[PDB]
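>>> let me give you the complex in parts, starting here:
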Amino acid sequence: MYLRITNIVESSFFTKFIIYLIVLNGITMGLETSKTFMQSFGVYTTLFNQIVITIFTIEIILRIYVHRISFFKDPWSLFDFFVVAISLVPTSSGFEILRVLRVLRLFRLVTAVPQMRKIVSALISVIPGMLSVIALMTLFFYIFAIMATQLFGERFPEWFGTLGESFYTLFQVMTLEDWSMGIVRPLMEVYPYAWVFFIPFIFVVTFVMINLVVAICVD
Amino acid sequence: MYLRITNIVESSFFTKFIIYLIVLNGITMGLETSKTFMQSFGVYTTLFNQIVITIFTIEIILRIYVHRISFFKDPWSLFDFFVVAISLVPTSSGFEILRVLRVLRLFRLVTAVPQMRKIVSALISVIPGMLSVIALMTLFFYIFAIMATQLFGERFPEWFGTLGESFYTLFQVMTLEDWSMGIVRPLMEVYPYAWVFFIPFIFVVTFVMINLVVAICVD
């Protein structure tokens, strides 16, 4: 019976039947957004949902017999596994993000279809040749975030009060979003020289970030 | 008479006459902006308009005899047809956008002058090599937009209350416009961890967008 199912799984129908479900459940999840649609057809789509979740475990099970150990060393499969697992944890208990993380299954349209897979893979593969920079930056952020916490946190706790807050504000400055009117100008009303900490921080972080982009244009 | 008009139409004078009209109607449309100019010479400009709009249909009518099926297979020609058509819909009824959409005819200066055509074509040609990434993001936006509507839309309906609002707000975060002061910091007053949804969202969307530019920097 092994080869019987291995012929069902690898079957074009089966794969295309999955893709067909994803695009339906996808459509169904955006409808679950509407408070109106739920008061009409809520019970409809809740069954339809639990239905699909079964079909996906059945599939992921069948998918496993056909592949065994090979499957738990496939990125895309592991994904599909973990994303279905999330959808299995009972519609209750613990944290309620689990009801919300369920929409991560629509990322299966990425897994279950090449070209998507291509592009994702194209994208991801650029990451390792960035990790040197990413390391440098994180160290940099870590250092300045500490300095900032101990230079502005006392008068400005909302923004620098805690190591994490400073991380956040520093990230915010790096995206240059409202950095001068929102932060440094206020800061300067008390710490006139605070510009000395933030202009350099901006030059460095943006310089590095430009390099990181030109890096991905020579690779 | 066929070859007679095919020598009128295809003539230098003809094209340069059309171009001469465009640049003239264009100037006329910037003048229709001034409430002053209209209280003076409004009658002048409304007739001038109907005049040019006639001339353009005559031309588009002529243009079709000389070309038949070749014409409704020319991007640029179809454009002019569609654009002139919009300008034909009476100055009344339906929506007023139609009255406003008329100014789209000034895009004929692109259609009816090479180099422009070249440049436009240069640009448009880059698009198909982006559709994979574009597909990817549109899926991504859709997934997060749904997630956001159900994580934040109750306490924050202006921004995430509806699927559409979430799309809009998410777009806004992507342009990095006022994302931290305007949205996340507020969100965090109630959902302390909301940062865990938006920072990753920003890395992903920024990263992708960097690649999409690096792609166009090789093709």
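Perfect, thanks for sending it. Residues are numbered from 1 along each chain as shown, chains lettered A, B, ... in the order given.
>>> domain ranges for chain A?
Following curated CATH domains, one finds the domains of chain A at A:1-114, A:115-219.
>>> list the contacts of the residue lying closest to residue A:178 once chain neighbours are set aside.
Among residues not flanking residue A:178 along the chain, residue B:181 sits closest, at 4.7 Å (CB to CB, 6 or more residues apart in numbering or on different chains). Using the backbone N, CA and C atoms, a C-beta is placed for each residue, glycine as well. Each residue near residue B:181 by CB atoms under 8 Å, 6 or more residues apart in numbering or on different chains is listed here: A:172, A:177, A:178, A:182.
>>> pull out the buried residues from the host helix or strand of residue A:214.
Using DSSP states H and E, the element containing residue A:214 is helix A:195-215. Judged by neighbour count (16 or more other CB atoms under 10 Å in any protein chain shown), helix A:195-215 contains these buried residues: A:197, A:198, A:201, A:202, A:205, A:208, A:212.
>>> so the last one makes contact with residue A:135?
To tie it back to what came earlier, the one meant is residue A:212. No - Residue A:212 is not in contact with residue A:135 according to CB atoms under 8 Å; the separation is 11.7 Å.
>>> SS state for residue A:217?
With DSSP: H, G, I helix; E, B strand; the rest coil as the basis, the three-state label of residue A:217 is coil.
>>> so it versus chain B, what's the distance?
5 Å (CB to the nearest CB, to the nearest Å).
>>> what's that residue in contact with, if anything?
Residue A:217 neighbours (CB under 8 Å, 6+ apart): B:214, B:217, B:218.
>>> here's chain C, drop it onto the model above:
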Amino acid sequence: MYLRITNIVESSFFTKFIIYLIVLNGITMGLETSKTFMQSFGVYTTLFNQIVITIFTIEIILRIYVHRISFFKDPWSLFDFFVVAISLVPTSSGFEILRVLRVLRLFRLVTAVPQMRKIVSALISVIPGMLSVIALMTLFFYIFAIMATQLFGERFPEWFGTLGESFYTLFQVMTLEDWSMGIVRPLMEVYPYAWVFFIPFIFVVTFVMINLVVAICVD
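Once chain C is put in with the chains from before, the structure reads:
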């Protein structure tokens, strides 16, 4: 005496003396900024100023005999001419920007020192390649500016009231600065569909702008 002066002007010492003056008149202008410094050395600086202006017209006159027609076909020389000329209009009559535009002469440090010239020339040379796009954009800006003035300027005259205002606001949207909180979110409280005019505008203008940069990254 022609070759006598042509050996004075073309002389190293002459150039290095001009340069030495620029950097001094430069420093002196940053000091004319201080309200304090003027109350102590204002006369010193106004005299020093009138002096240098003479020295520069002498130079520009000499430079002319040594070059004649060759001079008024040199960008860099013409610049120095026009710049010095500006500095010549008396400390009165007319507009008062003329008194302010005087500081444009510090751009002589660029004109009269190779290396700057090189880089400047390196920069300017990129512009011709961009004019097809720049034309395209300007046409586009002109078209949307007109649409905006007639779609939004009745309720929103600060931002779209006049063809020029719209230009400005549209420019602002293109720099993405505060475009959603500042403008479109407001517009939508009255024109729910305004998003349909601004999202496309943003895509197009940012797309083009990405091309334009990638263009320069090839020529």
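>>> still on that earlier bit, hmm, the helix holding residue A:214 touching chain C?
No - Helix A:195-215 lies out of reach of chain C by CB under 8 Å from any CB of the partner chain, never closer than 9.6 Å.
>>> specify the angle between that helix and helix B:195-215 in degrees.
Going by axes from the mean of the first three to the mean of the last three CA atoms, to 10 degrees, helix A:195-215 is angled at 50 degrees with respect to helix B:195-215.
>>> any residue of helix A:195-215 touching chain B?
Yes - using CB under 8 Å from any CB, helix A:195-215 reaches chain B at residue A:213.
>>> quick one: contacts of that helix?
Identification of contacts with helix A:195-215 by CB under 8 Å, 6+ apart yields A:129-130, A:133, A:136-137, A:140, A:144, A:147-148, A:151, A:170, A:173-174, A:176, A:179, A:183-184, A:187-188, B:210, B:214.
>>> for the residue in chain A that chain C sits nearest to, phi and psi?
Nearest residue of chain A to chain C: residue A:217, at 8.0 Å (CB to the nearest CB). Note on residue A:217: backbone dihedrals following degrees, to the nearest 10 are phi -130, psi 20.
>>> cool, and residue A:145?
phi -60, psi -40.
>>> pretty sure it sits against residue A:173.
No - under the criterion of CB under 8 Å, residue A:145 is not in contact with residue A:173, lying 10.8 Å apart.
>>> distance between the ends of stretch A:210-219?
15 Å (CA to CA, to the nearest Å).
>>> also put chain D on there:
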Amino acid sequence: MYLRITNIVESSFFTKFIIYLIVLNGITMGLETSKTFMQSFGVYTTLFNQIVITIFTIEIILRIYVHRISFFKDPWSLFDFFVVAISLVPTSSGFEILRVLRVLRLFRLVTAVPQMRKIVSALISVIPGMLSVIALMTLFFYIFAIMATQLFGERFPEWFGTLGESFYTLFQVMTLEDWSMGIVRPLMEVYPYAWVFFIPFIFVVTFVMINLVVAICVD
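So that you can see how it sits with the rest, here is chain D on the chains above:
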């Protein structure tokens, strides 16, 4: 004893031991952030802190007996010396920033580990091929900063009242952060034509900056 200590210094164990201390002191400094942790275990920390500082001077002393002049001609060695130096000035007197600047020793992780050194050196190496442009810009900023201080600093002294302030505001405009709503729109309520100073400032500065990036996508 020389070759004894030369063998100790050059020893893998020694370098790795240093690296181990850095990652421990690093973790310590992030913990020194918590007012809780400090009440509990501050003593533990400040002493562990002083210990590390001793070890590092010893190391830096040893490192010099083994390199002499070769050391003070090594950027990385110089760095380390100057950083530990900072950390050495007592926990009192002068400017309390020194106490804060101590955290700069965590940059030793960069210096004591290659790959980091590689990346940093990769990064820095790009700077000289930029100094022509940087000089250009700095001249530019200086000229406009002066113009602004004298065109706007009387009615708008927060932003332009001083050469320094104008420098800051001009930088802010360059990052495009809040430049229209924050500054020019206000400015224009008094100086209608102020747009003529800032749109050009923006074009130039953005253009130059695009060139600078493309310059690094060649070199």
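>>> and the buried residues of helix A:195-215, now that chain D is part of it?
Neighbour count says helix A:195-215 has A:195, A:197-198, A:201-202, A:204-205, A:207-208, A:210-215 buried, by 16+ other CB under 10 Å.
>>> again, but for stretch A:28-47
A:28, A:29, A:30, A:31, A:32, A:33, A:45.
>>> looking at the residues you listed, which is nearest residue B:123?
residue A:30 (32.1 Å; CB to CB).
>>> the helix or strand hosting the closest one near chain B at all?
Residue A:30 belongs to helix A:12-31 when assigned by DSSP H and E. Yes - against chain B, helix A:12-31 shows contacts by CB under 8 Å from any CB at A:26, A:29, A:30.
>>> check stretch A:112-119 too.
Yes - interface with chain B: stretch A:112-119 contributes A:115, A:116, A:118, A:119 (CB under 8 Å from any CB).
>>> the residues you listed in helices, which ones?
A:116, A:118, A:119 (DSSP state H).
>>> so which of these comes closest to chain B?
Nearest to chain B among these, with distances taken as CB to the nearest CB, is residue A:119, at 4.4 Å.
>>> just checking, that closest one touches residue B:134?
No - contact criterion CB under 8 Å: residue A:119 and residue B:134 do not qualify, at 9.8 Å.
>>> those two: who's more crowded?
residue A:119 (21 against 14; other CB atoms under 10 Å in any protein chain shown).
>>> now the more buried one: closest residue in space, sequence neighbours ignored.
residue B:132 is the one closest to residue A:119 (CB to CB, 6+ apart), at 4.4 Å.
>>> which strands and helices sit next to the longest helix along chain A?
Counting by DSSP H, the longest helix found in chain A is helix A:35-67. Judged by 3 or more CB pairs under 8 Å, 6 or more residues apart in numbering or on different chains; DSSP states H and E, the packing partners of helix A:35-67 are helix A:2-9, helix A:12-31, helix A:75-86.
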